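See below for the structure under consideration.
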Amino acid sequence: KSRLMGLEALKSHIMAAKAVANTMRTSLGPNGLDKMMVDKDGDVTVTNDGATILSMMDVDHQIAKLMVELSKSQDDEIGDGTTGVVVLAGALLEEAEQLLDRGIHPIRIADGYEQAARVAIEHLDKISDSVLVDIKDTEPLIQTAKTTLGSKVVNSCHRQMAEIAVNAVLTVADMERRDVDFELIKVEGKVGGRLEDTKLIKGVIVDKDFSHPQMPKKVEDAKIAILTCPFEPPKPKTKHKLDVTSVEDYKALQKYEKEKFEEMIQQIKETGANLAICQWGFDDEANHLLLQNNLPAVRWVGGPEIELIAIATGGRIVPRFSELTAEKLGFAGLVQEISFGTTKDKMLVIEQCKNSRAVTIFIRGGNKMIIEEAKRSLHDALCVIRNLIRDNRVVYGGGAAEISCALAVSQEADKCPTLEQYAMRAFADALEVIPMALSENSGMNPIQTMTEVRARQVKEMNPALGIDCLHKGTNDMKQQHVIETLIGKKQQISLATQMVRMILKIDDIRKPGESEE
Amino acid sequence: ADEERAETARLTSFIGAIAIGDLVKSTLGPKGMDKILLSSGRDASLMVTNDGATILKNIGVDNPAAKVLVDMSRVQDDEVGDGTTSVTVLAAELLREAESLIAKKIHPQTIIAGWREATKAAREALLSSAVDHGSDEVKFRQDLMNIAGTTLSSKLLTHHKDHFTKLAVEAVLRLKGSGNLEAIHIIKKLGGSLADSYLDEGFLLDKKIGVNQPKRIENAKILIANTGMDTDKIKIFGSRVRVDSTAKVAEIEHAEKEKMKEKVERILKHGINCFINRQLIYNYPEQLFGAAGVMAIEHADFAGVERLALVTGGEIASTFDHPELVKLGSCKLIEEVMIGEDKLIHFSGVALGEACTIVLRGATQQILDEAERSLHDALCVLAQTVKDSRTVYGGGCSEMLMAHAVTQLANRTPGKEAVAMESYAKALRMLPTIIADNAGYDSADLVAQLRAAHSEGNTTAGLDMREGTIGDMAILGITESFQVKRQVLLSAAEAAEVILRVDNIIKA
Amino acid sequence: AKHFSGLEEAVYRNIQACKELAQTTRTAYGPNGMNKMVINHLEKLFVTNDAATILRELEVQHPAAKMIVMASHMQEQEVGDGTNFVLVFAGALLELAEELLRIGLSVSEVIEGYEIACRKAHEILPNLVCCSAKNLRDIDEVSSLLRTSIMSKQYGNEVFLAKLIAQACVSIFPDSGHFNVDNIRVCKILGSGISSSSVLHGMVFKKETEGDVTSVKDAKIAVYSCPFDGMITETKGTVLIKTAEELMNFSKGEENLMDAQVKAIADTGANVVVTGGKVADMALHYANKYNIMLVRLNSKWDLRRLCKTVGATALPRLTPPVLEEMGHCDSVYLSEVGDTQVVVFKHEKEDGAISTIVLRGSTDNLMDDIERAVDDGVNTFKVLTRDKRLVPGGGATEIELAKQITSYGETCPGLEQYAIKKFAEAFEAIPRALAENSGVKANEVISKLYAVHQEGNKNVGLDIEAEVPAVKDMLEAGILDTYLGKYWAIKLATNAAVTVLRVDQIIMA
Amino acid sequence: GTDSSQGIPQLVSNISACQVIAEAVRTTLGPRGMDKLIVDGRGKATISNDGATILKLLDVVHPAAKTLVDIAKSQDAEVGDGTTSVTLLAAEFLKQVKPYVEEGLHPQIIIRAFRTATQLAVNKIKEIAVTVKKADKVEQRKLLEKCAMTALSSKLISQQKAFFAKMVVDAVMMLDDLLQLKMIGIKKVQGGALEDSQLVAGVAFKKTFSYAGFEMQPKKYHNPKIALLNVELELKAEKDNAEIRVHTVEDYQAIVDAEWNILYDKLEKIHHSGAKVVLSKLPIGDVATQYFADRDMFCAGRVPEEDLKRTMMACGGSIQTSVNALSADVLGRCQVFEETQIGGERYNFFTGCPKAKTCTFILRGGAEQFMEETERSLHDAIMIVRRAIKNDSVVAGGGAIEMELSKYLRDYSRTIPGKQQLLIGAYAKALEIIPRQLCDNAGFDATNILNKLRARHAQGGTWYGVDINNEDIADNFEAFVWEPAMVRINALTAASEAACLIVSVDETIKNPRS
């Protein structure tokens, strides 16, 4: 194989770094123009989302490696911020060429990017120190879910989504805990609904319902019998499923399998519950018996969901039918089979007003692209919202923060006479590329457009108002309500600024060429 | 992954719908030209296609941008009807419009609202010359009739047009508040009739009577059966395998002939002379069922008695085991109607009721296929003509009016995007242009004059590009429900601005 | 090709083939040698000094040189220093004919020149024996010759491998008035130092010592290449994990299936088992029960070395072994051979003839370079026992012979006049080799070695003294070869030369 | 056949090839010293601050290239540090000797001057050898905190050093009875109070798996009985798969339940065997983990095996290959089993352990790209902090000694030579390449600095040497930049050897041919 060093590597790193910053820059923000992306499979994905673009790209290099990696630490915690962290890393790398071309060693600038990465996140700190409680922040949660639902263009009237993300974060992730819960938030949805068909389910919706509507739709508080046990074909994991191969076998199994389920569905109710959640469902034969034995219960519960309805409800674990006991049961504040407004989306909810250990946002949509349109949008909302419901620290987005940063950055950059005097100043120059590439997408000349904000910063020297991010012509950060959590913007940088510098410290690469990923 | 940057992406955005649009813009518009599908990737074939999808889907759509419209234009056709050829050309028009504005170095975003807002005010100007024709039922008749004949047009239909413009409106004038595809029962076969079709009293069914069965059934009370017998009747004992060797292989066929006989026990219990079921029986079975003396009709159609039960006032049900799980159907006759050489067992309980059977007799399926869609398309445009009885002047006259207004608008309306609105307005008059030379006529004057001419208020007077002449859109009958035209405006305007805003395409 | 025409085999091939084989020696001969890395079909770096060692792994196409490599192996077994000398000597001998080829002297003519002169030279070699020394016992005195013979063949510790192989060669024997092929074998073992190497007379199995220790005094072995998984005549057992229940029966059966083995081992008799193959889990635990020593999982190296030293022979099967298949050693014991704890036998008069010098270092090539040395310490000591004659260290005898064979050319006159002059020249590439490893011209060496004009001691070897070429007395330096060494190294280098010097074009269909 | 080449064309190719690959190693070492991410094959990418690892990983096809691996790999085993320098050095002679072989003049002796001055090299540095332990403080451990602070700031953390420097000394004093690089081993925690290392002499565990019993299975023991399990259990346990039937007549609900209880048993085989904390390296079934939660015997599924090995070393346990506990020795014990989320995910802390021999830091990094070089800084200290213990005798770091060592030999380049002042100067030239490699790979001119240093050495001095932050003139001793004296000696011999070794070989034989 081969070892490429210095300028070779220098042209190995920024090269693969430069192009993917470009696909996202015309994808950048709400005006970022979406990208249809098609697999070898005949697939089609219209993506302005970098992480989705990165999920769409298997493209090959340590950069393309780190890129698919870098955004998705921003996309879960903070959500929105996925796009800027990469494109700006390229812009930083875009600079380091000319800046090493000035004869400043890549590690001579390297600290200067991070050194001046301080002022930006430090300047972000200055923007809005506000932190609001759930019931107060819920408007800023949806006011940010104005923006953080905005980029996917599923936002207004989706204040449903915006509000269901308010409680979904609060329900499981506390405000004081500030340990991220996207794991105990259950992201859920189904095709055939509608974007405006939207709900936050507090407990667990199990997809299948009671074996009949001829038995009540409603199981009361708790009494959920947690069951791994066949009332339909078991398909056990220890042996293999086979069915009856003989004529006398359909005779006896029909007669045998009925009276046991008669006994067992009674034995469930003997052990007791108004709901038996079975990993292995009721058959249609066992359905009429759940009717005949006069018990409500769920037929099908997921193999994992038998843990879910156990944990997510806090319901005390009943492993199986043989472990059935009265004191151990799955729990509910109530149990319903809920039509969501489109009977196509129909679930049996085990709902938690007692303890929700998995809170379920249930989105709906005409199809899957539309619910995912909502969900990743709801995600980034739910993300920033959770960030904000932890600490409501916000910042006016669209770069007017960075336009205010870059000036203060490059100034405070010059203060250290060390060669990063200049190098940190060039760092600030990169802070201006995202609203730039946004102003491109906005239909505006970013050059003049930023200088409007520059002038506005010359006016303000912090973002309050700003330029367009959505394309309107009312140029505001505050009144347009272009606002991001103050956290993730700093996290964008922290993710954006070092990877460059980290790639700066690693130019020594054994490769025949870039494509090794 | 293959990264497609904007240079070819916008270009590929343009080529996809244009390269198919040119094919359908022949078919679409008035008729000076069509698509003759010359078919070989799959075969040796020669085909004549006015259908967009038959042009679209048969040919390779593999362009990711062509994927959009071939997917999106079909739905528009699958929704309101005749949207394949429409959403394709009209966005392909915009692709040309974008291309210049692209080549003019203009933000696609700047082009978005420029078209997208222009889409509205055109749909608004579309709503202007949209003229409600619901006045009387005779108006609503001839509205639907003009509209039914509107979608059927620019397509090859032999005897279809004049009969369904009766039927489609007949299906409308019975349901009153919608049209009936739930009622019209399309029955296709080889009758030797060219396109010739008719409203079928009751519903005919295709079987040869023979063996011992007398062919005609009189005073027939049908016993509705949702479950018949295939060959062996299915129940507890219904299956056996005795085969230990090659003799039994020939001897197992003989064992199941017994199972045909026990089927008689079930039907002889019900007692009704006429037993009509879903599942067919064969001629050697006909020996056992016909010698039983009761008349057991095989393959009696669900939608057929669904016709009856609606019109006869009775109940067609599901899950038939014993006679009363479905309310007994009442027909006047179970008869054999002989059409040419055909022998068709024909159930007549009612005539031309609010559920009709429609017998489509043709020697070719493709025409019967494209006849169904244009019928499937018209009734939808007729069912929305039940809702919106505005029939907006078609044949490009709508394009003109919208092109004139939006141009007038772009003049004042933006300070910049007057680029795209007129560009939008330009794409409007496009569809008119391609077909006038197809009559030999000069579109330029037309789109210049007759637009401004009828956008100065001749709006009824409009484009006959079959004759290449200026004629009245209402009197020529060239016009259609305000929805479908706006509906074919909705997707195509949306279809273009998607790949327009697409500046990169990943390819795995 | 190995097939040729066009006089290459005569006036080209030989002089090409020689310096290829040679010009290791030129940097590999003298008071030291500069190692030369060899890679095999197995990829690894093998440093070489002895001529026959670098040529052993070198695979030659040369129809010419295939004669000469054997002569080195001949020379090697014989003496062991001078195999280097042999290649570089014939390096001078043959090429001088090219002049006589340009001068036009025929084939046998100049060959008769070197021949009657190497007859003349072999006559003078006993005359040029300078003093002598030996002890059938003493390490130190014998070490010096064994030092100086491996000098060419070792750049490493000269005195330390001098003392070991002197010890080894001597003290494996009751006399060492007799000396044989393997009187010394080696367990190459790393750790500690390379000068931690120790002479332990006996058969070392650097392999595991297993089974319960039963005998110490009884080292008698029934030697087996037969693995003991239960391999024995009636049932040949293996280790089969195929099913669990069959493994349960193995542990049961193996205890007994191993029973009749170490039985039949100690039946025909031994308390120490050499197993060249595996020994199973319950097989060894039964040897723990049977009270016999199983030295297990041995190499073919530790298998053969024993099979060589005890005269016994490994059994691939298990039949009762005969005494031809069962050797006895002085004592079996656990002791560290250069600080390595395994089973090290004792061999003197039971079966014997194995000293173990543990070859050591941080790698195997250090054990291969000290392998270079002691092999000659083995060989030269036999010569030393065969003749205790000492002759000026390589190159200090040459300057003698050259003067003698010079005027012998003018006793010759007739075409061998010059060929003997050339044979007088055939001597002197050896100090040139020595000085060329030192990098300095022998042209200064030659004149100084001719300065006094006797040549009984004076030479320029491999030193930092030679860095400016400086007469030293290899005689007095302790560098004294053996007469046979000085006789053999001239003989075959003259023998293999003249026979390859009459070769003609290859005939091939 | 067999291919071979003797003479200079081999030796030139020898010296050329040895210069080629050791190049890649040159640029790598330092705080600003470049890190080498090497991609072997395809999905395999490896970063190293040490060459010996990548020397093994990089392709060495030559006797010249292969001999570079082990020599720094020797230094890799010696101090655990200094690979790249030894790789940098052994081939440094080759370009320095390059004129000497390109003048054609190499008496095979010329190798000996390498060892010769290497003597004086391994002398002076052990002559200037100075104990840090005995003199510094009394405890000697706040020196270790000085060595911590310096060797925590040697890679990333100048700010986090002092907080970790007590913790480093904590583990170093704890870990030094038997020292093993993993037995201080840091367990990452992210989302708590960041930039904080928390040392536990017991061991925190990454992986524990429970659901339905996630938080309702007991997570606390004031002594765990720990079955260290490589075992795998599933939805249900052993049943006969061959000639078995479900759905038969009477066996439909019997065999499913029979599968259940045997699983309960094999799951209980752990429980009643005296296992409180069940650490199972392999999957546990969904309802099987529920049974762990049902039996109140804590389950950790898919435990890191090192956590099982950190267990046996801290907890006095050992890995059990079977569900039923083999003994109480293989049963792990602690006097605390606590499961505490730092950042919000479950960790198994084995603390209060009977042996407690494996120390565990609980470390919180600031961000993604930032966090690791901290954790590397932690392990860097404990190495050379303990190495400040290991060898008491210590020399100023940052190439401080090699500076005058250039003079000292270029003194002998003046002093002795009949000739070899070339050799002596070529040798002395190899000394300061590293601080030149260091300061310049940062981007600050070392030559100026190095010359000024030696200019400052000229008046008088030894320990004058580069502090590497702004990589400039300083006294590394005074700057508290240290590696022990022998560490240089450790590099002095090995690298100066490989020069001797490859050059005495002008002839390389390869038997496979090619």
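In the structure tokens, chains take letters A, B, ... by order of appearance, with residues numbered from 1 within each chain and ligands from 1 in the order shown.
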Query raised in the report: Would you list which chain A residues are within 10 Å of chain B using only C-alpha atoms, as a PyMOL selection string?
Result: chain A and resi 19-20+22-27+31-48+53-54+56-60+246-248+250-251+440-445+471
Query raised in the report: Quick one: residues within 7 Å of residue 252 (chain B), only C-alpha atoms counted, chain neighbours fewer than 4 positions away excluded, as a VMD selection string?
Result: chain B and resid 242 to 243 248 256
Write to file, as a PDB file, in the first residue's frame, the residues of the selection just made, with N, CA, C and O atoms.
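The file below, part_20.pdb, is the result:
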ATOM      1  N   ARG B 242     -53.492 -40.984  -0.369  1.00  0.00           N
ATOM      2  CA  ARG B 242     -53.317 -42.427  -0.236  1.00  0.00           C
ATOM      3  C   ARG B 242     -52.094 -42.966  -0.974  1.00  0.00           C
ATOM      4  O   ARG B 242     -51.877 -44.182  -0.998  1.00  0.00           O
ATOM      5  N   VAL B 243     -51.288 -42.093  -1.579  1.00  0.00           N
ATOM      6  CA  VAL B 243     -50.367 -42.529  -2.624  1.00  0.00           C
ATOM      7  C   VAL B 243     -49.087 -43.091  -2.022  1.00  0.00           C
ATOM      8  O   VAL B 243     -48.306 -42.369  -1.391  1.00  0.00           O
ATOM      9  N   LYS B 248     -51.144 -45.452  -7.399  1.00  0.00           N
ATOM     10  CA  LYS B 248     -51.900 -44.494  -6.603  1.00  0.00           C
ATOM     11  C   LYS B 248     -51.812 -43.074  -7.150  1.00  0.00           C
ATOM     12  O   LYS B 248     -52.767 -42.306  -6.986  1.00  0.00           O
ATOM     13  N   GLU B 256     -60.738 -38.174  -5.599  1.00  0.00           N
ATOM     14  CA  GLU B 256     -61.331 -36.864  -5.352  1.00  0.00           C
ATOM     15  C   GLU B 256     -62.607 -36.653  -6.154  1.00  0.00           C
ATOM     16  O   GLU B 256     -63.363 -35.716  -5.873  1.00  0.00           O
TER      17      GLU B 256
END
Requested in this report: Please report, as a ChimeraX atom specification, each residue of region 17-96 of chain A to which DSSP assigns alpha helix (DSSP H) when run on this structure's backbone.
Outcome: /A:17-25,50-56,62-76,82-96
At a cut-off of 6 Å, can you tabulate as JSON lines every residue of chain D near chain A together with its closest atom pair and the distance in Å to one decimal, using only C-alpha atoms and ordering rows by chain then number?
{"residue": "D:34", "atom": "CA", "partner": "A:505", "partner_atom": "CA", "distance": 4.9}
{"residue": "D:35", "atom": "CA", "partner": "A:506", "partner_atom": "CA", "distance": 4.6}
{"residue": "D:36", "atom": "CA", "partner": "A:508", "partner_atom": "CA", "distance": 4.4}
{"residue": "D:37", "atom": "CA", "partner": "A:509", "partner_atom": "CA", "distance": 5.0}
{"residue": "D:38", "atom": "CA", "partner": "A:510", "partner_atom": "CA", "distance": 4.2}
{"residue": "D:39", "atom": "CA", "partner": "A:510", "partner_atom": "CA", "distance": 5.3}
{"residue": "D:42", "atom": "CA", "partner": "A:516", "partner_atom": "CA", "distance": 5.7}
{"residue": "D:211", "atom": "CA", "partner": "A:307", "partner_atom": "CA", "distance": 5.8}
{"residue": "D:212", "atom": "CA", "partner": "A:307", "partner_atom": "CA", "distance": 4.5}
{"residue": "D:236", "atom": "CA", "partner": "A:238", "partner_atom": "CA", "distance": 5.7}
{"residue": "D:241", "atom": "CA", "partner": "A:239", "partner_atom": "CA", "distance": 5.4}
{"residue": "D:246", "atom": "CA", "partner": "A:242", "partner_atom": "CA", "distance": 6.0}
{"residue": "D:247", "atom": "CA", "partner": "A:243", "partner_atom": "CA", "distance": 5.3}
{"residue": "D:249", "atom": "CA", "partner": "A:253", "partner_atom": "CA", "distance": 5.2}
{"residue": "D:287", "atom": "CA", "partner": "A:319", "partner_atom": "CA", "distance": 5.5}
{"residue": "D:290", "atom": "CA", "partner": "A:319", "partner_atom": "CA", "distance": 5.8}
{"residue": "D:343", "atom": "CA", "partner": "A:179", "partner_atom": "CA", "distance": 5.5}
{"residue": "D:344", "atom": "CA", "partner": "A:179", "partner_atom": "CA", "distance": 4.9}
{"residue": "D:369", "atom": "CA", "partner": "A:498", "partner_atom": "CA", "distance": 5.9}
{"residue": "D:442", "atom": "CA", "partner": "A:107", "partner_atom": "CA", "distance": 5.7}
{"residue": "D:443", "atom": "CA", "partner": "A:105", "partner_atom": "CA", "distance": 5.1}
Would you export the selected residues with N, CA and C atoms as an mmCIF file, in the first residue's frame, please?
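Heads up, here's the output in out.cif:
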data_model
loop_
_atom_site.group_PDB
_atom_site.id
_atom_site.type_symbol
_atom_site.label_atom_id
_atom_site.label_comp_id
_atom_site.auth_asym_id
_atom_site.auth_seq_id
_atom_site.Cartn_x
_atom_site.Cartn_y
_atom_site.Cartn_z
ATOM 1 N N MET D 34 2.206 15.107 14.879
ATOM 2 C CA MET D 34 1.132 14.589 14.054
ATOM 3 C C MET D 34 0.774 13.182 14.506
ATOM 4 N N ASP D 35 -0.523 12.898 14.515
ATOM 5 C CA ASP D 35 -0.999 11.549 14.759
ATOM 6 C C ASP D 35 -1.187 10.857 13.419
ATOM 7 N N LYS D 36 -0.807 9.586 13.378
ATOM 8 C CA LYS D 36 -0.840 8.811 12.149
ATOM 9 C C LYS D 36 -2.014 7.843 12.164
ATOM 10 N N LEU D 37 -3.022 8.163 11.361
ATOM 11 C CA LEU D 37 -4.159 7.291 11.112
ATOM 12 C C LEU D 37 -3.859 6.487 9.863
ATOM 13 N N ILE D 38 -3.623 5.196 10.036
ATOM 14 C CA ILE D 38 -3.205 4.332 8.944
ATOM 15 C C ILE D 38 -4.385 3.460 8.561
ATOM 16 N N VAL D 39 -4.591 3.286 7.263
ATOM 17 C CA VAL D 39 -5.662 2.437 6.774
ATOM 18 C C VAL D 39 -5.020 1.239 6.098
ATOM 19 N N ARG D 42 -9.250 -2.133 4.080
ATOM 20 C CA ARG D 42 -10.232 -1.095 3.748
ATOM 21 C C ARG D 42 -10.956 -0.517 4.959
ATOM 22 N N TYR D 211 -34.263 -5.145 30.387
ATOM 23 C CA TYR D 211 -35.502 -4.458 30.055
ATOM 24 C C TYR D 211 -36.667 -5.315 30.527
ATOM 25 N N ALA D 212 -37.733 -4.651 30.983
ATOM 26 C CA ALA D 212 -38.685 -5.295 31.880
ATOM 27 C C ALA D 212 -37.877 -5.820 33.055
ATOM 28 N N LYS D 236 -35.777 -19.490 25.567
ATOM 29 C CA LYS D 236 -36.052 -20.718 26.302
ATOM 30 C C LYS D 236 -34.800 -21.586 26.226
ATOM 31 N N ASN D 241 -34.692 -30.964 19.636
ATOM 32 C CA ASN D 241 -35.059 -30.427 18.336
ATOM 33 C C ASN D 241 -35.366 -31.496 17.299
ATOM 34 N N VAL D 246 -44.995 -29.591 17.486
ATOM 35 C CA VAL D 246 -45.861 -28.618 18.144
ATOM 36 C C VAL D 246 -47.134 -28.519 17.311
ATOM 37 N N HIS D 247 -48.189 -27.949 17.897
ATOM 38 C CA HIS D 247 -49.517 -27.880 17.275
ATOM 39 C C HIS D 247 -50.125 -29.268 17.110
ATOM 40 N N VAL D 249 -51.194 -33.547 19.332
ATOM 41 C CA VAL D 249 -52.516 -33.435 19.937
ATOM 42 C C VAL D 249 -52.421 -32.716 21.276
ATOM 43 N N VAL D 287 -37.510 -12.481 27.580
ATOM 44 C CA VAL D 287 -38.171 -12.943 28.791
ATOM 45 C C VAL D 287 -37.179 -13.585 29.755
ATOM 46 N N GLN D 290 -36.108 -10.905 31.873
ATOM 47 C CA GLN D 290 -37.236 -10.681 32.770
ATOM 48 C C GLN D 290 -37.172 -11.616 33.969
ATOM 49 N N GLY D 343 -24.372 10.605 33.198
ATOM 50 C CA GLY D 343 -24.807 10.868 31.847
ATOM 51 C C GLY D 343 -26.131 10.236 31.477
ATOM 52 N N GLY D 344 -26.667 9.352 32.315
ATOM 53 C CA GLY D 344 -27.988 8.800 32.103
ATOM 54 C C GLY D 344 -28.062 7.386 31.568
ATOM 55 N N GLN D 369 -14.770 15.260 19.437
ATOM 56 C CA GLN D 369 -13.378 15.254 19.003
ATOM 57 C C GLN D 369 -12.422 15.485 20.170
ATOM 58 N N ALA D 442 5.323 20.888 14.820
ATOM 59 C CA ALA D 442 4.424 21.915 15.317
ATOM 60 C C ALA D 442 4.340 23.096 14.359
ATOM 61 N N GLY D 443 5.442 23.434 13.695
ATOM 62 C CA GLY D 443 5.517 24.617 12.863
ATOM 63 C C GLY D 443 6.349 25.755 13.413
#
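Taking CA of residue 462 (chain C) and CA of residue 434 (chain C) as endpoints, the distance between them is 5.9 Å.
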Requested in this report: Considering only C-alpha atoms, extract the chain C residues located within 8 Å of chain D and return them as a PyMOL selection string.
Outcome: chain C and resi 20+23-24+27+34-43+45+47+54+57-61+436-440+463-464+467
Query raised in the report: Quick one: residues within 12 Å of residue 229 (chain C), only C-alpha atoms counted, chain neighbours fewer than 6 positions away excluded, as JSON, numbers by chain?
Result: {"C": [235, 236, 237, 238, 239, 240, 250, 251, 253, 254, 255, 256, 257, 258, 259, 261, 262, 275, 277, 278, 279, 280, 281, 282, 283, 284, 285, 286, 287, 296, 297, 317, 318]}
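The gap separating CA of residue 56 (chain C) from CA of residue 86 (chain C) is 15.0 Å, in Å to one decimal.
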